[PDB]
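Structure record follows, encoded as structure tokens.
Here is how names work: the chains are called A, B, and so on, in the same order as the sequence lines, proteins then strands, and each is numbered from 1. Numbering of ligands and ligand atoms starts at 1, following listing order. The analysis underlying the following values was restricted to heavy atoms, covering all of them including side chains, and did not include hydrogens, waters or symmetry mates.
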2 protein chains.
Amino acid sequence: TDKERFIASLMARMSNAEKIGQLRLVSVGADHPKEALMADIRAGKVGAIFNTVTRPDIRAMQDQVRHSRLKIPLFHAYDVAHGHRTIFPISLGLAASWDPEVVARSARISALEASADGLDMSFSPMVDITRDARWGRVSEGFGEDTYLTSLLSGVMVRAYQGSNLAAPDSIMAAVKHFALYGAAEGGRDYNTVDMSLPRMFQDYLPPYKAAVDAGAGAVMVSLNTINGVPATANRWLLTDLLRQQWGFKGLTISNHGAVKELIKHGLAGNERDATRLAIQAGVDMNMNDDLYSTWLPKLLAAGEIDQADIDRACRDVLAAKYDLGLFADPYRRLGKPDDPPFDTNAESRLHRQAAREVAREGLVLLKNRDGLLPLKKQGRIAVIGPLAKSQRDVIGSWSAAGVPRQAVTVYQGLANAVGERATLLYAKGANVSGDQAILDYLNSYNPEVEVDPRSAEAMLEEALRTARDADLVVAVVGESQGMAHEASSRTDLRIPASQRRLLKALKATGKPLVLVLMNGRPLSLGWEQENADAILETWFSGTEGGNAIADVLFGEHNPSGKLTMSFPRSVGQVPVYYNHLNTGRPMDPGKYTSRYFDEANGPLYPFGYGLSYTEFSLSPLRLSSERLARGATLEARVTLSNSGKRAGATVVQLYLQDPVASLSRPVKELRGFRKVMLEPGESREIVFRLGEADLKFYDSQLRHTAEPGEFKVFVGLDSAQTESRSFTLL
Amino acid sequence: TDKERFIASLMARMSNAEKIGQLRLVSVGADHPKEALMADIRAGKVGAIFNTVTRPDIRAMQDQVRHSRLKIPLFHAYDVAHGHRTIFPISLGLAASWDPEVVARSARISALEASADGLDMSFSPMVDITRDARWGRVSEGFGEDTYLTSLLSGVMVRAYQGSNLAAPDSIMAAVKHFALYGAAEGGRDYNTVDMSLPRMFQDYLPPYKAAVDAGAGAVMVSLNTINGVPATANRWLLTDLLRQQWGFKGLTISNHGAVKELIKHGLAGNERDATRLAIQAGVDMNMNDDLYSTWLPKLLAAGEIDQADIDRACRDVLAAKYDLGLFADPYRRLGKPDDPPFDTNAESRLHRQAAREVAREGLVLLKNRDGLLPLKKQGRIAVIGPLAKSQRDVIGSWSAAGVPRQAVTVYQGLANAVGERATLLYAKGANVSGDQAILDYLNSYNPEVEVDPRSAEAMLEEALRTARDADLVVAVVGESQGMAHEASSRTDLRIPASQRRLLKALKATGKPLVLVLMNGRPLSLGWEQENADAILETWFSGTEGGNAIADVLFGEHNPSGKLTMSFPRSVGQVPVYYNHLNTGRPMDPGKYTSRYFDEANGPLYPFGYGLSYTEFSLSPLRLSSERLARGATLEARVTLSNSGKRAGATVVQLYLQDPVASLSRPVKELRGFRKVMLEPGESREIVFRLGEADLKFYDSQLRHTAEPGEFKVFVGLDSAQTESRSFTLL
Ligand SMILES: OC[C@H]1O[C@@H](O)[C@H](O)[C@@H](O)[C@@H]1O
Ligand SMILES: OC[C@H]1O[C@@H](O)[C@H](O)[C@@H](O)[C@@H]1O
Ligand SMILES: OC[C@H]1O[C@@H](O)[C@H](O)[C@@H](O)[C@@H]1O
Ligand SMILES: OC[C@H]1O[C@@H](O)[C@H](O)[C@@H](O)[C@@H]1O
Ligand SMILES: [Mg+2]
Ligand SMILES: [Mg+2]
């Protein structure tokens, strides 16, 4: 009420020019020259900035606020996706930890580092569910499962904001992308999303909800159509659901030019009508295109919008700036004016031990034939592949203020680990792609892919020599970061062809072969799974990537990471995901069942799959009672044992099935998990509690109710577990 | 009244045992031995038969009806998909004609032939819209566009039934599959369908509606879930939409065991509860599984169903049998008991001139480099490929009572054409697949593909010899019919690997190359499009396939056929189709648009694409008026000229765009077309009439309304190349 009183007072004093100015979100570029945007903050025509990210630069613009009548402060935002200056695994990587704390840790440091440079807000977390591997931004998300993505969506918000949004070591979480962006048609970015309302509520919205429940201060609106309505103009989404059904009190922010793009969507004839549609749907902040500033004065002066529309928008900005504390101290995150200069990129502001301890948790052991891993630090080891010495690629897509040169490549990481106890032979082995059209694309803007000018065959001879000169080969292969990024959708899911040639040749030398994969999406790995001797999924593991990868290769860390997005046998099985419906004709032999004929059926690697240097056993699953009363809770009991001879971590998973329902329900749904560290011979009893809240689903009219009847409870170390116990709900 | 009085009388007379008996649709098998089901028709426990298809066999069972108390007659049904005994192109083939009367002709003869053998009903037409090329049953449909599929869906019903359903040369049309079956997830048959209701009404339902509007006597319910509800138990679909919104008076028929499959869908705990769900949703007839007969007596005796449920079902059967005339004369289609047994498969009952004149219309010219086609009948010609001499493959999937040996292969068709005026060299060149697992599948049940036991390399040397010995090669390559059928979903869209090797080799001999393709779905043809000198798409062209194909190869017919389903550049661009939404970031090149980076963008061949031995010109498009009044119609005027040097057919197509709408509308939609035969130098003015009815779409609340504003009118010879003019609706 103190806040409402303060805001109302200020708004009662503001001209319309000034209330509309508060909605203008810009960045420095050719669109907005810095010296023209400085003049505009002075005349009170700007509301916030993004992509300005250093203390002297934020201060230099904040310092313009004083020349304006109402002296209203800016906030600054940035794409703090998976790190500011120290870069953690890409989010898909982080998810594979199966540990909130680990994810939380990555978030806190990001905020710490961002706030340290003067940043008020991160456009993060990206929380979009993804079941189509072809999509360029699958990297940014946490995988295919609702339960886990929703869970981690909250953890990220809580960590960024903490308990006080005005704390100078806290940033506001602008959760994205609202909504359904990840279900785009054909995995083409920006493409049509068409979905039933029961699937919309059960599977794809819950993560956006959990961000509002954790108190996210802002929401970024997606670029996709929903059932034919662009989210930028979707009053159902931004008003009915977000505001009234969900009670979001915060700020809505447009995507980059998403308001003028209503012309290309075919919802507006021109800019004037695009502005109207967006402001009236529930869009507070207008990113970059400046439509709001050009058209809202004439839209109001001709009675096409209500003052109440401008007022709800302008009031949502000031409420953000107030919660951040920028009305108390505009410089609360920019230091005091005497304070001494410093180097922004100094090694002394990084958090390497953090980056390294996180990146360890997310690596996934896909194959290890006859205990080849872990490697000993003796003899000669060949390091071949175009990503071995790649700095720019390990820190993945959306790297923020991340610097390539400060990054530990997987070559350097191997050097650091062996010291002088073994020898490393390096050969590039292949460029990342043989296709010049693909190379032209990745280097259109900035040189981010190394092109070795030597013939492909030249590089291959060198590699085979190097391999014959070694005890075993370690192959650093897969995508450059520019391949799993915004607008970079793929029609193939295998390792690029130039590198698969390299892998065929290396296989032909008979020397044991270890595959180290870098990638921002699942990959088609049918060949590699039958040929190569061991495979490590390392995603893009960040600034301490190489170090974390070495630790796992040399057994300093027993890999514990597991898949949160099923691995297709080819681009032509898309989509596959663990929580599909059984259909009327399930494949279990049989020609006349739901299947392909021309390839094996199922995902290559199921959801929740990962190996360990040690072996684990689960005892028979016990349920407290076989009939549950309404309001009561149920207990699921199982003993996890490390029966191998190495201290290692697994992830014990709880799946539910509702086998008889008013809807057709998935064969399996994730409902809980416990990440457990055990010494050899060490047991550990795990306890799962199951309430009514766990048993609910959205029927045809969105009635969110548990139905009485049998339920199936599954406990195992991956979704490929197939034995359960049953209880009856009364 | 006569009918109502007759039915009411009979029903007032029937015990429950007998009214339930009327719902039992069975066929002869291990489920139902012939001599046990004979005993059952005598105790009045059977209602209809399917898959019994010869006069003596139908008579032998009809003849059992006399020993029953109420002497109620059976009807007999069969899968008359694209022919009974004379087999026309597969439906996708038929569609490519762009001529209703041609399609009508195929339908009439089918009915003629079917009724001749004693058949009352065909489970046809299949009318499901298909945008996913991987799906096994794409062959059965008419392609991806709503307007064209809806149009032909009615033509098929009208032709099967004629003007009188009791006529002994008419059958009843059971339209399928209701509903949305073709949008299955990942192209996997029987798999989940999830769709928004605005896209459901605009794009996928209209063809089922057009069949009810043409007076279809029956409707078959699909096996797919819709937004989580199995259609077999979907009261919204079978009662609200079908009965009360649409006013369907007729009969609903289950898919094969689709009622017991509600257990595997996860809607029912057991059979008893599956029966209840289905009978109460709107399912009259129970195909094969016999659940209705086992459970309806106890479901009614315990008040789980209403007598009104049994009565609505039993009344819908008798209404069908009455309309067919089987109460007037049970043998009206089974002759008088005087004639000789006669041979069913006699040459004198076929319709070859029909089959040949249809199959000509459906062939599509995809490429012709420097007028290589048409061929002269004047030298040596190599005929290579595993489908050149293939009888079983030309008559495609769902060939009914069709006989392979009566069919004209593409080899034989070429022999017939050249007589002794030119010389034919044959080499198989490759089996249809190199993969033994694929060959094992296609020959699981019946020997459908003859496998040459020689090594792949052996066959290839033979082919290259044959090719070197000739003036040019004609290659008969693509799918066996077992590859485009129910349950046969593909992960690849190219010609099988064994045959692509064969085509690379043949290309390498320098000899001019003609590709004759056989296939039941679009195919990935990027290589063939850049290499081969000409390509002909022949689908599976039926009993007179070879003859029709020769006629086109030797210029006896100028190819006029055009594509009704866009051709993907690879399985990884699925789905593509001409009537997609523009999105906010359209590509036509930028990086940040809705696209792939690792392949060229767009379909290989767009919807409505086909070439000709002659060339055609369209004059500037003229509109009747700049501004249309409500209730008024508009005229669209264009002059088509054959400016080439041969008499040929093209197809002039009318596309509409609504560029500003409450919904995001497709970039282009089909609204009309005119197939025009022209002599060289010969012109023809075409007139298109455009009403408000043409400009409607389903908004977010299913308001079927045209909005005032600009509309874009496009006329051209394919969805790709075009010119447009704009008009305003007031
Ligand atoms: O770069 C700022 C913003 O640009 C938008 O177009 C992207 O969709 C967002 O993920 C991003 O936060
Ligand atoms: O117009 C292109 C813009 O689109 C945004 O979504 C991208 O994230 C920006 O980096 C880019 O400048
Ligand atoms: O063959 C009888 C019927 O069986 C069903 O299960 C198929 O899906 C239909 O296509 C067919 O008409
Ligand atoms: O699965 C049993 C039956 O199902 C039908 O849909 C298929 O078309 C038949 O070939 C098969 O006999
Ligand atoms: Mg239940
Ligand atoms: Mg309009």
Side-chain angles (χ1 to χ4, degrees), chain A residues 25 27 29 50-51 77-81 121-128 136-137 140 174-178 181 189-190 218 220-224 231-232 253-258 261 266-269 285 287-289 397-398 400 485-487 584-585 592, chain B residues 25 27 50-51 77-81 121-126 128 136-137 140 174-178 181 189-190 218 220-224 232 253-258 261 285 287-289 397-398 400 485-487 584-585 592 656-663 665 695-697 705-712 726-730:
Chain A
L25 175 66
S27 78
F50 70 109
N51 292 322
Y78 197 52
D79 292 291
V80 185
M121 170 187 295
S122 180
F123 302 145
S124 183
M126 187 281 197
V127 169
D128 303 324
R137 305 187 75 156
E140 288 157 68
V175 69
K176 70 184 192 186
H177 294 90
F178 202 63
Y181 193 45
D189 204 16
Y190 318 127
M220 260 218 62
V221 179
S222 62
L223 290 155
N224 58 291
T232 296
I253 308 159
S254 101
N255 268 246
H256 193 303
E261 280 178 22
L267 248 74
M285 284 214 103
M287 199 187 282
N288 207 62
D289 57 39
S397 64
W398 294 117
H485 160 252
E486 169 186 332
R585 294 189 184 179
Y592 290 110
Chain B
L25 173 66
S27 80
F50 70 109
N51 291 322
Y78 195 52
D79 292 289
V80 186
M121 172 187 303
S122 179
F123 306 138
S124 185
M126 188 279 197
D128 302 324
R137 306 187 74 159
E140 290 157 68
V175 68
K176 71 184 191 188
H177 292 91
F178 202 63
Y181 194 47
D189 203 24
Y190 319 127
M220 196 154 47
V221 181
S222 62
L223 289 161
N224 59 293
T232 298
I253 309 160
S254 143
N255 233 286
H256 194 306
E261 279 179 22
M285 205 131 228
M287 199 187 283
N288 223 256
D289 58 40
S397 63
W398 295 114
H485 149 97
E486 168 182 358
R585 294 153 166 277
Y592 287 111
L656 260 170
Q657 195 194 2
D658 188 6
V660 182
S662 76
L663 268 179
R665 311 279 334 270
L695 307 184
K696 295 182 140 178
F697 70 94
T705 68
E707 303 179 327
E710 181 203 31
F711 284 90
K712 235 162 159 38
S726 285
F727 80 83
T728 319
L729 175 66
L730 308 187

Handout entry: Polar proximity ligand 1 side, A/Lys176 side, N/O cut 3.5 Å exclusive
Key = yes

Handout entry: Check: A/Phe123 main-chain N/O paired with A/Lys176 side-chain donor or acceptor under 3.5 Å
Key = yes

Exercise for the section: Determine, for A/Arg585 against B/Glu486, whether the closest basic-nitrogen to carboxylate-oxygen distance falls under 4.0 angstrom. Expected result: yes

Problem - Sub-4.0 Å heavy-atom approach of B/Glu140 to ligand 3 - result: no

Practice task
Could you tell me the residue and atom name of the protein heavy atom closest to atom 4 (O) of ligand 1, and the distance to it rounded to 0.1 Å?
Solution key: A/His256 CB, 3.9 Å

Problem - Flag, side chain of A/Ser254 to backbone of A/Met287, donor-acceptor distance under 3.5 Å - result: yes

Problem - Structural part of A/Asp79 in contact with ligand 1, heavy atom criterion under 4.0 angstrom - result: side chain

Exercise for the section: Would you check if the side chain of A/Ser122 reaches a backbone N or O of A/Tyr78 as a donor-acceptor pair within less than 3.5 Å? Expected result: yes

Practice task
Could you tell me whether the Mg ion (ligand 6) has an N, O or S atom of B/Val660 under 2.8 Å away?
Solution key: yes

Exercise for the section: Answer side chain, backbone, both or neither: which part of A/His177 comes under 4.0 Å from ligand 1, heavy atoms only. Expected result: side chain

Exercise for the section: With heavy atoms of B/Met220 as the reference, note each atom of ligand 3 found under 4.0 Å away. Expected result: 9 (C), 12 (O)

Problem - Shortest-distance N/O/S atom, B/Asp658 versus the Mg ion (ligand 6) - result: OD1

Problem - Exam field: side chain A/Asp79 to backbone A/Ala400, donor-acceptor pair closer than 3.5 Å - result: no

Handout entry: Aromatic plane relationship, A/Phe50 with A/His256 - under 30° parallel, 30 to 60° tilted, over 60° perpendicular
Key = perpendicular

Handout entry: Ring geometry between A/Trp398 and A/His485 (parallel below 30°, tilted from 30 to 60°, perpendicular above 60°)
Key = tilted

Practice task
Considering heavy atoms of the protein only, find what lies nearest to atom 8 (O) of ligand 3 and give residue, atom and distance to 0.1 Å.
Solution key: B/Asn255 OD1, 2.6 Å

Exercise for the section: Check whether the side chains of B/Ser662 and B/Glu707 place a donor and an acceptor atom closer than 3.5 Å, and report yes or no. Expected result: yes

Handout entry: Polar proximity ligand 1 side, A/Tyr181 side, N/O cut 3.5 Å exclusive
Key = no

Handout entry: Nitrogen or oxygen atoms of A/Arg137 and ligand 1 under 3.5 Å apart
Key = yes

